[PDB]
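K.L.:
My questions all concern the structure below.
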Amino acid sequence: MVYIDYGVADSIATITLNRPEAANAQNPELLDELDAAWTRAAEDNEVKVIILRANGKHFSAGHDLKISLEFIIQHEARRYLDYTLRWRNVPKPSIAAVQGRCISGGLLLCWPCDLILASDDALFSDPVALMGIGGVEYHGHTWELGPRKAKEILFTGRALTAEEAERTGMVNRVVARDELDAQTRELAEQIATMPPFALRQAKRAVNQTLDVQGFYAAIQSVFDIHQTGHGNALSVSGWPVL
Amino acid sequence: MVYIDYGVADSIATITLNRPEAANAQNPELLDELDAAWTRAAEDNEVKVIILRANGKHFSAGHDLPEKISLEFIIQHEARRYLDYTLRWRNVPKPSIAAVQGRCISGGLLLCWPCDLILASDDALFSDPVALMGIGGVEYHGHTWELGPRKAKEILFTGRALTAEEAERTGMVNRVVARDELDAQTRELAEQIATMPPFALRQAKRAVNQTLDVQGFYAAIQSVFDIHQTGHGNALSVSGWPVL
Amino acid sequence: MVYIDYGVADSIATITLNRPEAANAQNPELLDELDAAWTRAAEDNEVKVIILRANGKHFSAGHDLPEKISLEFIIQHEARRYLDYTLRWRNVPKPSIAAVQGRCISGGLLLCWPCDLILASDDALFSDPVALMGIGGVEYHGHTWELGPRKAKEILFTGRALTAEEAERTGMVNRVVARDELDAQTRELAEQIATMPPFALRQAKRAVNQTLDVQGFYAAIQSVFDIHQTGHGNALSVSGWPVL
Amino acid sequence: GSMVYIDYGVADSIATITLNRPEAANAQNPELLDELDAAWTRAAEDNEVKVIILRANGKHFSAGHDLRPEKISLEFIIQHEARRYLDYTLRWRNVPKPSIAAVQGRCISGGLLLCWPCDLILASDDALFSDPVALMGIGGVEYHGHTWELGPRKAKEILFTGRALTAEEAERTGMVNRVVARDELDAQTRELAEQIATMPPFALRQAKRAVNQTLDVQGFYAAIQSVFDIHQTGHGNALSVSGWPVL
Amino acid sequence: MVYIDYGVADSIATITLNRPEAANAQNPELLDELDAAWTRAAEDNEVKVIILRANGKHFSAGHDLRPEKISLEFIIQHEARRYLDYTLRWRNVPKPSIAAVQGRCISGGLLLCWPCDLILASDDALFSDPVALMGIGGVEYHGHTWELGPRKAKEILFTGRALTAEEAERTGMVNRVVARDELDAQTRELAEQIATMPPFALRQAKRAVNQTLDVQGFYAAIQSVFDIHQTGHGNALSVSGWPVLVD
Amino acid sequence: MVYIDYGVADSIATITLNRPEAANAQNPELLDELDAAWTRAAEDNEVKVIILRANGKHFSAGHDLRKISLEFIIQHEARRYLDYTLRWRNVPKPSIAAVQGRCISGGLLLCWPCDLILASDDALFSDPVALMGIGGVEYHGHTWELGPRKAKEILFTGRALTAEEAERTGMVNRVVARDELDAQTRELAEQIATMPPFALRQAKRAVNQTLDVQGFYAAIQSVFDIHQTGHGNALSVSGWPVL
Ligand SMILES: [Zn+2]
Ligand SMILES: [Zn+2]
Ligand SMILES: [Zn+2]
Ligand SMILES: [Zn+2]
Ligand SMILES: [Zn+2]
Ligand SMILES: [Zn+2]
């Protein structure tokens, strides 16, 4: 793998975004590698916990940017919707460690994790409105932030600090930048002492509550609204964005 | 009003589609008049029951089909006339009954589905072949609710017509009647309902419609409207026109 | 007890409405005895299946109708006997089968709808004409679930009865049978079901009921209970009596 | 542009709708509410308006519904309240452009129906939010935003006690987006509105829709309808006990 | 490969269950080859419609039942993959699919046809799920309540009886019933007719209906009942030491 | 009553857990007496508000654990851990839990069904039942009360939340000094009992019905079965209901 580093030790799989030269901007190849890494961790009976982390200053700058809407949907449904939900549902605990900028598409990498630790310098945003689109393809915003804060960041394009995100429940813990990796691995190690079936079913309990609340249906619903963004952009310019 | 007849007699308002020369195809002018008629009936205290019906052989052939049209522009117009109007009719707090004869095609379904009850003549044919134009069903997706998911997928995938008898079997149609008795049986039913206390009728309607909304009807209608709009998006991207 | 016969034999508990002289009309005493019967069957580990049936010609005519009566007073009584009892019967973790003959009117539906399966004689007639009294259907709104929304509105708006065959076509009735054969065929069905492992039956029942609750059944039943109470509220505000 | 009780102006793509009954602490009579609705419709239909600001003159945002026929039926009450307290409020919620409420001083009971349908809420540090309508025999106002905006435990707390939440308390539940100094409330609201108005209108429309449709899939429309009936049982009880719609 | 024939002709992909000597009973190898056929059909741009059919007298007798100490975890891991995830994946393939069901379709057989969009049944077809005999509350993917309504679903689960083609049609589970001799021909004719439609129209039509179902609670209910099914295996393990009940 | 104290004064019913010898761990007899106390309060027309509190240093250490089929376990747990809890939740009068010290696992089933929760500054809430092989307790308030990320964190790690952390998720209405908990709970109860009972009943209904429309009843039922797969697995591995 060119863009993703994978290691297993002490029952923990660590998946590292390794394209620091582009601020971990996501091309298709990177997303395919990342999905392969998640599947590896899912299928390795030695792995009890997964860490998602990133090299460099910034967790991820987002997606690396006649075209039909049909074509756009085919590609986005696979890599931005189905991959993300598949990661969400992997039956073992996962923790994202987020430093620096996590922008638009970056949210699709950390939101599917169960827990999020952020460094004090982390900044979460989704400014895709500038491009004519109503938020990224997988709409965690309302669930993670509450509707008022979700609209605030979509409408203004501003960034939320790590402490703001912690206040909405999107981030579990804010930690000093130099301690982010250490504190993440220590959490993962504590979780790995639990019986794997108990962790599987705890995760299932919370995620199934969310799905009964309408999470799956809402994610699908908003994916369609997202696609009208692209449809409008195409109708106006012939390009997927404004 | 040019296209819609409106009359009140014996506590009953009758709303009539009167464009038989175009098989009651729906332009914006007909829809704006139809909405004004629904409002008139809703606001007239002497009206207890509403009948929606149509002159001629066919109930409605559907929707009557700016250099660069934007999907934004399409959405604004369709959200007003095909979504908001339809839902407003659905929620009028008085019983309504649609009397459907002959062809009821695509947009025609948006006129009768918001009614509480539907009577159909034996010659009635219900269809939505808009897949032919590149779109996944009309703007207001009653299909799954009215027909069940398999029958909805069947008529959307094939563009075929359902008979009045087939529609009765799914529960979309309350009763099938002879063509020459359609108006008479509709009025007899309306009259029997109009003997009930208005507030009882209001809360019976509310009970069933609220059950539907709890089951997800409002949310699902809004959801499929966006799916519908991706159809227009795709067509605009391929041809520069809203349909294929 | 006074209004309800209870017996157990070959792993089947038979609960019989035994007030044929008032067409099994439901007063509080009868309902309390019925609830006690359901509970006794629920708690007896020898009972694998429950049959609910009725003596005389009619399953049930429905509910048998202090200075100033408050809405609060009505709510307290109705929440217990018409809402909580009915849901509790619904959730008893053993299969239950209602045998319905003749007229099952308004509150009569609260007795059979909570059973898992319903067998009806070919003379059975189901109705809810409570709109006549100013109310939007009975307290437990199974109508939309059992009949579909259009048929539910139809019977609430008109007060008309559905035959056994009409009810079977919506899925409310599992099987229509000759009047003379209703009991025998119910008993045989119970006996066949009682040969299954009790925990398989419990979880089959739970699978279906839980699908209903995810669909919104519990929430909708609670929502329409309030709509119903607005009926009593209006009747009180207009006459000082809970019904018009 | 303006009407009796509502001031209305457009400038730089922003429509500002101003409650203008400060001598009555913006108590809402039917006339004010019909005018407010007509203002929301004007801003919705005006293609030059990109963002809506809802604000209020005087010391208080709104004291709620104005208290000030032979036999009053529950039917009569439902007809009036369904129109002005349920249908108006939902329509404002659904206007396809961003809206921002600027809330100062008291926002009591029916006041909540004016700000809750806005997308964003900015509150001054002296803002106080409450719904003490339990004192009148009723289980919260007609449009039950409480559980969604505050969480169930806080919603029950304020309805059971009738107490006020400070602007900072409301911010912690996510009901208030930002708390600001009283003298800066108007300036900061305008500045936020101007920033939002630089965005493409269709991107804003679909962002708003994404969030509101998530809410509706979560059960928002259905729950609001459900609680409206619970509310009406309150009036039903009051009428049955006293012949008046409240205690 | 060994148990599944796959072919493409005139924009139609036909997947045939080819284990008639075991009444198309499903081992893991058959299920893996079946999932591979669905993926091959989904990924081929030249495929516009999918047919699922079966050789022999019977569509599928279901899961072929014939591990040191068996844990529930072990069963869940296996069933979640092949009975839940496969089935939902097939359900969501973004092209129309048609099942042609002849003869017996029992228990896990339902998992093969229920994910298809349309079902044509021969008049000889018999649908049943008698898995309560084994201690379990219906098969792993609970389409029963959706396809049949709750009273008919409970009836077939409580009794273990079969529904005729005609009974299934009356609940909406079967789209059409045809003569056993005409099943294959009528299915092909239906697929060709559908294959003349614009692929993106068909995709969004399928999506419109399936998304209505998921807003109604389909995905969440399927997940919820999966766990209820697993309590059946938990109980059986606790009573018989085996994943299903034995005499 | 052996384990539960019950008293009525000035329209307030006070229900006190009185098994400090086991940190108010819950056996079947304690749970039956608690359910009888809630029913008593529900039915007494002079009770307007209910307080649930606990003697000694700790609110409740959870279910008292000190061969069976899964069927047997489900029968017992559905009655006492699922049905009892939902019944308390739905009692048509305001209820307030006063929670001091440790509230562990099953303890949560006693306070969560209360409308409001006041906690002392030393209260600690946890659910470390993953240690026993089970995916959280039988009545899954966690996601509702804490949000999903915090719910997963406490179930995965087994750690305790402080009163102040619980307050930040909205699970706790107010944090008070230990010595003042009883007094602040009774004053809050007295204030609430000045309101019209029908208004309080319908305010309660409005919020709980919003929750049920959001999926609360359905979700609770769904997680019950997930919890029971915990027991099924434990039985399949160790012969016992836990690991
Ligand atoms: Zn995109
Ligand atoms: Zn259109
Ligand atoms: Zn009543
Ligand atoms: Zn009111
Ligand atoms: Zn299985
Ligand atoms: Zn347990």
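Naming scheme: A, B, ... for chains in displayed order of the structure tokens; residues 1 onward per chain; ligands 1 onward as shown.
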Under the rule of at most 8 Å, produce a per-residue listing of chain A near chain B: chain, number, name, the closest pair of atoms, and the distance in Å, as CSV, using only C-alpha atoms.
P.N.:
```
residue,atom,partner,partner_atom,distance
A:66,CA,B:238,CA,7.0
A:67,CA,B:237,CA,6.9
A:68,CA,B:237,CA,5.2
A:69,CA,B:234,CA,4.7
A:70,CA,B:234,CA,6.1
A:221,CA,B:223,CA,5.5
A:224,CA,B:227,CA,5.8
A:225,CA,B:226,CA,5.8
A:227,CA,B:230,CA,6.6
A:228,CA,B:230,CA,5.7
A:230,CA,B:233,CA,7.8
A:231,CA,B:233,CA,4.2
A:232,CA,B:71,CA,4.7
A:234,CA,B:237,CA,5.7
A:235,CA,B:70,CA,5.2
A:236,CA,B:70,CA,5.8
A:238,CA,B:237,CA,6.9
```
K.L.:
Please provide the set of residues having any atom within 12 Å of residue 182 in chain D, restricted to only C-alpha atoms, with same-chain residues fewer than 4 positions apart removed, written as a short mmCIF file (atom, residue, chain, number, x, y, z; two decimals) with N, CA, C and O atoms, in the first residue's frame.
P.N.:
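That gives us around.cif:
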```
data_model
loop_
_atom_site.label_atom_id
_atom_site.label_comp_id
_atom_site.auth_asym_id
_atom_site.auth_seq_id
_atom_site.Cartn_x
_atom_site.Cartn_y
_atom_site.Cartn_z
N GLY D 58 -37.29 46.73 21.86
CA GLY D 58 -37.44 46.80 23.32
C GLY D 58 -36.54 45.86 24.13
O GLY D 58 -35.53 45.33 23.64
N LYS D 59 -36.93 45.69 25.40
CA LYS D 59 -36.15 44.98 26.39
C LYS D 59 -36.33 43.47 26.28
O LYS D 59 -35.43 42.74 26.65
N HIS D 60 -37.47 43.01 25.77
CA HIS D 60 -37.79 41.59 25.74
C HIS D 60 -38.16 41.07 24.36
O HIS D 60 -38.95 41.70 23.65
N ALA D 102 -32.39 36.70 16.74
CA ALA D 102 -31.66 37.46 17.76
C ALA D 102 -32.57 37.67 18.96
O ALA D 102 -33.57 38.36 18.85
N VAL D 103 -32.23 37.04 20.08
CA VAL D 103 -33.11 36.98 21.25
C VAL D 103 -32.50 37.69 22.47
O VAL D 103 -31.48 37.28 23.00
N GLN D 104 -33.19 38.75 22.91
CA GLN D 104 -32.80 39.50 24.11
C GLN D 104 -33.89 39.37 25.17
O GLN D 104 -35.06 39.16 24.84
N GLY D 105 -33.51 39.50 26.43
CA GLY D 105 -34.46 39.51 27.53
C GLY D 105 -35.37 38.30 27.58
O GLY D 105 -34.97 37.18 27.30
N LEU D 122 -29.01 33.46 18.17
CA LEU D 122 -28.07 34.21 18.96
C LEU D 122 -28.83 34.83 20.11
O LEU D 122 -29.88 35.43 19.89
N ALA D 123 -28.31 34.70 21.32
CA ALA D 123 -28.96 35.28 22.50
C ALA D 123 -28.06 36.26 23.25
O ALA D 123 -26.86 36.01 23.41
N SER D 124 -28.61 37.35 23.74
CA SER D 124 -27.84 38.23 24.62
C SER D 124 -27.62 37.56 25.95
O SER D 124 -28.34 36.63 26.31
N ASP D 125 -26.61 38.03 26.70
CA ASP D 125 -26.30 37.39 27.98
C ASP D 125 -27.45 37.56 28.97
O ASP D 125 -27.58 36.76 29.88
N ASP D 126 -28.33 38.53 28.76
CA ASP D 126 -29.50 38.69 29.66
C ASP D 126 -30.76 37.95 29.19
O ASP D 126 -31.81 38.11 29.80
N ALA D 127 -30.66 37.15 28.13
CA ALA D 127 -31.80 36.38 27.64
C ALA D 127 -32.22 35.32 28.66
O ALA D 127 -31.37 34.70 29.30
N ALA D 167 -29.21 32.36 29.04
CA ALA D 167 -28.66 32.22 27.70
C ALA D 167 -27.52 31.18 27.70
O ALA D 167 -27.44 30.33 26.82
N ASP D 186 -27.26 42.90 18.03
CA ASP D 186 -27.72 43.27 16.68
C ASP D 186 -26.57 43.29 15.67
O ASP D 186 -26.72 42.82 14.55
N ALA D 187 -25.42 43.83 16.07
CA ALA D 187 -24.25 43.91 15.19
C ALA D 187 -23.75 42.52 14.84
O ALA D 187 -23.44 42.24 13.68
N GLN D 188 -23.65 41.64 15.83
CA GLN D 188 -23.15 40.29 15.57
C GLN D 188 -24.12 39.47 14.71
O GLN D 188 -23.68 38.68 13.86
N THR D 189 -25.41 39.68 14.90
CA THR D 189 -26.39 38.98 14.09
C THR D 189 -26.28 39.40 12.62
O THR D 189 -26.33 38.55 11.73
#
```
K.L.:
Sorted by chain and rising residue number, which residues of chain B lie within 8 Å of chain E, and what are their closest atom pairs and distances in Å to one decimal, counting only C-alpha atoms, as a tab-separated table?
P.N.:
```
residue	atom	partner	partner_atom	distance
B:131	CA	E:201	CA	5.0
B:132	CA	E:197	CA	6.0
B:133	CA	E:201	CA	7.8
B:134	CA	E:201	CA	4.5
B:135	CA	E:201	CA	4.8
B:136	CA	E:205	CA	3.8
B:137	CA	E:205	CA	6.0
B:141	CA	E:208	CA	7.7
B:143	CA	E:209	CA	7.9
B:144	CA	E:209	CA	6.0
B:148	CA	E:172	CA	6.7
B:149	CA	E:209	CA	6.0
B:150	CA	E:118	CA	5.9
B:151	CA	E:175	CA	6.6
B:152	CA	E:209	CA	7.2
B:153	CA	E:206	CA	6.4
B:154	CA	E:118	CA	6.9
B:156	CA	E:205	CA	6.4
B:157	CA	E:194	CA	5.7
B:158	CA	E:194	CA	5.3
B:170	CA	E:172	CA	7.8
B:215	CA	E:216	CA	5.7
B:216	CA	E:216	CA	5.3
B:217	CA	E:216	CA	7.8
B:219	CA	E:215	CA	7.2
B:220	CA	E:212	CA	5.3
B:221	CA	E:212	CA	7.9
B:223	CA	E:211	CA	7.7
B:224	CA	E:208	CA	5.5
B:227	CA	E:204	CA	6.5
B:228	CA	E:204	CA	7.4
B:231	CA	E:201	CA	6.8
```
K.L.:
Can you check which residues of range 135-168 of chain E DSSP gives as alpha helix (DSSP H) on the backbone and send them as a VMD selection string?
P.N.:
chain E and resid 144 to 148 150 to 159 165 to 168
K.L.:
Produce a file of the selected residues containing N, CA and C atoms, as a PDB file, in the first residue's frame.
P.N.:
```pdb
ATOM      1  N   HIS E 144     -40.708 -11.470   6.654  1.00  0.00           N
ATOM      2  CA  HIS E 144     -42.045 -12.051   6.788  1.00  0.00           C
ATOM      3  C   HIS E 144     -43.125 -11.012   7.022  1.00  0.00           C
ATOM      4  N   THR E 145     -42.906 -10.158   8.008  1.00  0.00           N
ATOM      5  CA  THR E 145     -43.905  -9.171   8.408  1.00  0.00           C
ATOM      6  C   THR E 145     -44.139  -8.145   7.306  1.00  0.00           C
ATOM      7  N   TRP E 146     -43.083  -7.820   6.583  1.00  0.00           N
ATOM      8  CA  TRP E 146     -43.152  -6.861   5.489  1.00  0.00           C
ATOM      9  C   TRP E 146     -43.870  -7.415   4.277  1.00  0.00           C
ATOM     10  N   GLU E 147     -43.569  -8.676   3.975  1.00  0.00           N
ATOM     11  CA  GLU E 147     -44.021  -9.319   2.758  1.00  0.00           C
ATOM     12  C   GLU E 147     -45.417  -9.836   2.909  1.00  0.00           C
ATOM     13  N   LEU E 148     -45.761 -10.295   4.113  1.00  0.00           N
ATOM     14  CA  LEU E 148     -47.010 -10.988   4.341  1.00  0.00           C
ATOM     15  C   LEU E 148     -48.020 -10.262   5.198  1.00  0.00           C
ATOM     16  N   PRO E 150     -48.402  -8.790   9.400  1.00  0.00           N
ATOM     17  CA  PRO E 150     -48.076  -9.482  10.643  1.00  0.00           C
ATOM     18  C   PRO E 150     -48.935 -10.687  11.009  1.00  0.00           C
ATOM     19  N   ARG E 151     -50.209 -10.712  10.651  1.00  0.00           N
ATOM     20  CA  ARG E 151     -51.018 -11.845  11.103  1.00  0.00           C
ATOM     21  C   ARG E 151     -50.688 -13.102  10.299  1.00  0.00           C
ATOM     22  N   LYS E 152     -50.482 -12.927   8.996  1.00  0.00           N
ATOM     23  CA  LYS E 152     -50.086 -14.045   8.131  1.00  0.00           C
ATOM     24  C   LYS E 152     -48.664 -14.537   8.455  1.00  0.00           C
ATOM     25  N   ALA E 153     -47.763 -13.616   8.814  1.00  0.00           N
ATOM     26  CA  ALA E 153     -46.397 -13.976   9.203  1.00  0.00           C
ATOM     27  C   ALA E 153     -46.448 -14.806  10.484  1.00  0.00           C
ATOM     28  N   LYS E 154     -47.225 -14.359  11.473  1.00  0.00           N
ATOM     29  CA  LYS E 154     -47.318 -15.144  12.710  1.00  0.00           C
ATOM     30  C   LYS E 154     -47.938 -16.501  12.429  1.00  0.00           C
ATOM     31  N   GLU E 155     -48.946 -16.544  11.556  1.00  0.00           N
ATOM     32  CA  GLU E 155     -49.611 -17.810  11.248  1.00  0.00           C
ATOM     33  C   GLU E 155     -48.630 -18.821  10.652  1.00  0.00           C
ATOM     34  N   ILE E 156     -47.825 -18.382   9.679  1.00  0.00           N
ATOM     35  CA  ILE E 156     -46.918 -19.315   9.052  1.00  0.00           C
ATOM     36  C   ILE E 156     -45.766 -19.696  10.003  1.00  0.00           C
ATOM     37  N   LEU E 157     -45.316 -18.760  10.841  1.00  0.00           N
ATOM     38  CA  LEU E 157     -44.266 -19.093  11.818  1.00  0.00           C
ATOM     39  C   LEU E 157     -44.795 -20.008  12.926  1.00  0.00           C
ATOM     40  N   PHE E 158     -46.020 -19.771  13.410  1.00  0.00           N
ATOM     41  CA  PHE E 158     -46.587 -20.580  14.499  1.00  0.00           C
ATOM     42  C   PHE E 158     -46.994 -22.006  14.077  1.00  0.00           C
ATOM     43  N   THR E 159     -47.439 -22.175  12.832  1.00  0.00           N
ATOM     44  CA  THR E 159     -47.935 -23.446  12.348  1.00  0.00           C
ATOM     45  C   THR E 159     -46.902 -24.223  11.539  1.00  0.00           C
ATOM     46  N   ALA E 165     -48.852 -20.260  -4.040  1.00  0.00           N
ATOM     47  CA  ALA E 165     -48.500 -19.142  -4.891  1.00  0.00           C
ATOM     48  C   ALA E 165     -49.603 -18.086  -4.808  1.00  0.00           C
ATOM     49  N   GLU E 166     -50.849 -18.553  -4.847  1.00  0.00           N
ATOM     50  CA  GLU E 166     -52.025 -17.690  -4.870  1.00  0.00           C
ATOM     51  C   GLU E 166     -52.209 -16.929  -3.555  1.00  0.00           C
ATOM     52  N   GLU E 167     -51.988 -17.603  -2.418  1.00  0.00           N
ATOM     53  CA  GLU E 167     -52.003 -16.942  -1.093  1.00  0.00           C
ATOM     54  C   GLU E 167     -50.930 -15.880  -1.006  1.00  0.00           C
ATOM     55  N   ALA E 168     -49.745 -16.178  -1.521  1.00  0.00           N
ATOM     56  CA  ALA E 168     -48.626 -15.239  -1.442  1.00  0.00           C
ATOM     57  C   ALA E 168     -48.899 -14.013  -2.279  1.00  0.00           C
TER      58      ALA E 168
END
```
K.L.:
Contacts of residue 40 in chain C at 12 Å or less, counting only C-alpha atoms, minus same-chain residues fewer than 2 places along, as a PyMOL selection string?
P.N.:
chain C and resi 6-8+13-15+33-38+42-47+50+89+92
K.L.:
Just N, CA and C atoms for this one: save the residues we selected as a PDB file, in the first residue's frame.
P.N.:
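Saved result, part35.pdb, follows:
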```pdb
ATOM      1  N   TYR C   6     -62.948 -19.214  32.346  1.00  0.00           N
ATOM      2  CA  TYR C   6     -61.554 -19.556  32.081  1.00  0.00           C
ATOM      3  C   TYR C   6     -61.385 -21.061  32.277  1.00  0.00           C
ATOM      4  N   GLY C   7     -60.755 -21.742  31.323  1.00  0.00           N
ATOM      5  CA  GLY C   7     -60.412 -23.171  31.485  1.00  0.00           C
ATOM      6  C   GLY C   7     -59.115 -23.530  30.765  1.00  0.00           C
ATOM      7  N   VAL C   8     -58.386 -24.511  31.296  1.00  0.00           N
ATOM      8  CA  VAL C   8     -57.152 -24.994  30.673  1.00  0.00           C
ATOM      9  C   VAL C   8     -57.273 -26.484  30.381  1.00  0.00           C
ATOM     10  N   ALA C  13     -55.264 -22.505  27.048  1.00  0.00           N
ATOM     11  CA  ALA C  13     -56.164 -21.740  27.912  1.00  0.00           C
ATOM     12  C   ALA C  13     -57.274 -21.093  27.085  1.00  0.00           C
ATOM     13  N   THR C  14     -58.532 -21.432  27.372  1.00  0.00           N
ATOM     14  CA  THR C  14     -59.676 -20.853  26.679  1.00  0.00           C
ATOM     15  C   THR C  14     -60.317 -19.801  27.578  1.00  0.00           C
ATOM     16  N   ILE C  15     -60.302 -18.559  27.106  1.00  0.00           N
ATOM     17  CA  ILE C  15     -60.952 -17.420  27.751  1.00  0.00           C
ATOM     18  C   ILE C  15     -62.259 -17.120  26.984  1.00  0.00           C
ATOM     19  N   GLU C  33     -62.022  -8.734  34.944  1.00  0.00           N
ATOM     20  CA  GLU C  33     -61.985 -10.197  34.907  1.00  0.00           C
ATOM     21  C   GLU C  33     -61.249 -10.743  33.689  1.00  0.00           C
ATOM     22  N   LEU C  34     -61.476 -10.131  32.522  1.00  0.00           N
ATOM     23  CA  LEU C  34     -60.745 -10.496  31.306  1.00  0.00           C
ATOM     24  C   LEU C  34     -59.243 -10.333  31.471  1.00  0.00           C
ATOM     25  N   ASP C  35     -58.843  -9.217  32.060  1.00  0.00           N
ATOM     26  CA  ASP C  35     -57.414  -8.952  32.256  1.00  0.00           C
ATOM     27  C   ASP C  35     -56.789  -9.968  33.169  1.00  0.00           C
ATOM     28  N   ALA C  36     -57.501 -10.292  34.256  1.00  0.00           N
ATOM     29  CA  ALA C  36     -57.075 -11.342  35.197  1.00  0.00           C
ATOM     30  C   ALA C  36     -56.943 -12.687  34.493  1.00  0.00           C
ATOM     31  N   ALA C  37     -57.853 -12.979  33.560  1.00  0.00           N
ATOM     32  CA  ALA C  37     -57.803 -14.223  32.777  1.00  0.00           C
ATOM     33  C   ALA C  37     -56.573 -14.248  31.881  1.00  0.00           C
ATOM     34  N   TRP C  38     -56.295 -13.144  31.193  1.00  0.00           N
ATOM     35  CA  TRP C  38     -55.096 -13.085  30.345  1.00  0.00           C
ATOM     36  C   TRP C  38     -53.816 -13.327  31.149  1.00  0.00           C
ATOM     37  N   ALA C  42     -51.047 -16.205  30.946  1.00  0.00           N
ATOM     38  CA  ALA C  42     -49.659 -15.761  30.775  1.00  0.00           C
ATOM     39  C   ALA C  42     -48.723 -16.400  31.778  1.00  0.00           C
ATOM     40  N   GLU C  43     -49.149 -16.449  33.033  1.00  0.00           N
ATOM     41  CA  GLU C  43     -48.293 -16.924  34.127  1.00  0.00           C
ATOM     42  C   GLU C  43     -48.280 -18.441  34.310  1.00  0.00           C
ATOM     43  N   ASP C  44     -49.198 -19.163  33.670  1.00  0.00           N
ATOM     44  CA  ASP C  44     -49.274 -20.619  33.815  1.00  0.00           C
ATOM     45  C   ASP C  44     -48.375 -21.312  32.799  1.00  0.00           C
ATOM     46  N   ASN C  45     -47.360 -22.024  33.284  1.00  0.00           N
ATOM     47  CA  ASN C  45     -46.353 -22.591  32.372  1.00  0.00           C
ATOM     48  C   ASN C  45     -46.883 -23.812  31.624  1.00  0.00           C
ATOM     49  N   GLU C  46     -48.010 -24.359  32.063  1.00  0.00           N
ATOM     50  CA  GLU C  46     -48.688 -25.417  31.299  1.00  0.00           C
ATOM     51  C   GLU C  46     -49.426 -24.858  30.068  1.00  0.00           C
ATOM     52  N   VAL C  47     -49.693 -23.542  30.042  1.00  0.00           N
ATOM     53  CA  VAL C  47     -50.392 -22.948  28.915  1.00  0.00           C
ATOM     54  C   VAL C  47     -49.370 -22.551  27.853  1.00  0.00           C
ATOM     55  N   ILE C  50     -53.367 -19.544  23.752  1.00  0.00           N
ATOM     56  CA  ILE C  50     -54.578 -18.880  24.270  1.00  0.00           C
ATOM     57  C   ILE C  50     -55.624 -18.714  23.175  1.00  0.00           C
ATOM     58  N   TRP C  89     -52.250  -7.401  26.774  1.00  0.00           N
ATOM     59  CA  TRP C  89     -52.710  -8.638  26.120  1.00  0.00           C
ATOM     60  C   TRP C  89     -51.897  -8.919  24.848  1.00  0.00           C
ATOM     61  N   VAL C  92     -48.470 -10.509  25.633  1.00  0.00           N
ATOM     62  CA  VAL C  92     -48.346 -11.800  26.341  1.00  0.00           C
ATOM     63  C   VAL C  92     -47.493 -12.748  25.496  1.00  0.00           C
TER      64      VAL C  92
END
```
K.L.:
Pick out each residue of range 3-241 of chain C that DSSP on the backbone tags as strand (DSSP E or B); I need them as an NGL selection string.
P.N.:
:C and (4-9 or 12-17 or 26 or 49-54 or 60 or 63 or 96-100 or 103-105 or 117-121 or 125-127 or 162-163 or 175-177)
K.L.:
Name all residues at most 10 Å from residue 41 in chain E (count only C-alpha atoms; drop same-chain ones fewer than 3 positions away) and give them as number ranges by chain.
P.N.:
E: 6-8, 12-15, 35-38, 44-51, 93, 95
K.L.:
Do a neighbour search on residue 198 in chain B at 10 Å with only C-alpha atoms, toss out local chain neighbours closer than 2 positions, and write the hits as a PyMOL selection string.
P.N.:
(chain B and resi 45+47-49+93-95+193-196+200-204) or (chain C and resi 131+134) or (chain D and resi 75)
K.L.:
With a distance threshold of 12 Å and counting only C-alpha atoms, extract the residues of chain F near chain B and express them as a count of residues only.
P.N.:
6
